[PDB]
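Encoded as structure tokens, the structure appears first; notes follow it.
As a convention, Cβ positions derive from the backbone with ideal geometry for all residues, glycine included, and neighbour counts pool all protein chains shown. Nothing in this text is a laboratory measurement; each read-out follows from the coordinates by a stated rule.
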Amino acid sequence: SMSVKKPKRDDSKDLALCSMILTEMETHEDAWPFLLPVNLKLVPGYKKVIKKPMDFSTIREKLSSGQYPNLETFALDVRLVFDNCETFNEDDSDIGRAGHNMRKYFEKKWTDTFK
């Protein structure tokens, strides 16, 4: 509350560490469905169904240009990418399975880096 603060967690390395995580996601072999925005002209249904499209290149641009106010907003966009994938792709599909794998990969790095 006013003039009453919890001790200051060091957030000065967060930008760099989110960038490293994002590099590791970018270079994973199962990243291919997520590298670029879904082409809304060429993928019937995507525009109407997926209200907030997200992809790694878009996260990378937001990160590089100071559009994440804190590390939680960054994790929300990463998770958005996998939530979108689950919404549009059957679990038993290459892309469906890619999304599960990448989410697992992300969540571990997230825990090991920050918790």
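Of note:
- Sorted by Cβ density within 10 Å, fewest first, the residues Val78, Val43, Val38, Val4: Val4, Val43, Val38, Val78
- Placing a label point 7 Å from the Cα of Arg9 along the Cα-to-Cβ line, the residues of the stretch 62-88 whose backbone N sits under 15 Å from it are 69-76.
- Per the Debye formula on identical point scatterers at the alpha carbon atoms of the chain, with no solvent, log10 I(q)/I(0) at q = 0.10, 0.11, 0.20 Å⁻¹ is -0.34, -0.40, -1.11.
- Computed over the chain: relative contact order in percent, which uses C-alpha pairs under 8 Å that are six or more apart: 28 percent
- 25 Å Cα-Cα reach of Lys47 towards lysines, excluding residues that sit fewer than 8 places from it in its own chain: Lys62
- Cβ-based net charge around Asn101, under 14 Å, with every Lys or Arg adding one and every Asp or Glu removing one: -3
- Packing-based exposure ordering (other Cβ within 10 Å, fewest first) of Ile95, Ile59: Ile95, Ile59
- A simple packing score, the average count of other Cβ atoms within 10 Å per residue, orders the peptides 81-87, 19-25, 45-51, 7-13 as 81-87, 19-25, 45-51, 7-13, with the highest score first.
- Structure note, pairs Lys51/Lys108; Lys8/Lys51; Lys51/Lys104; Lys5/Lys52: Cα-Cα distances above 25 angstrom occur for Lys51/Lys108; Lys8/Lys51; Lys5/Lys52.
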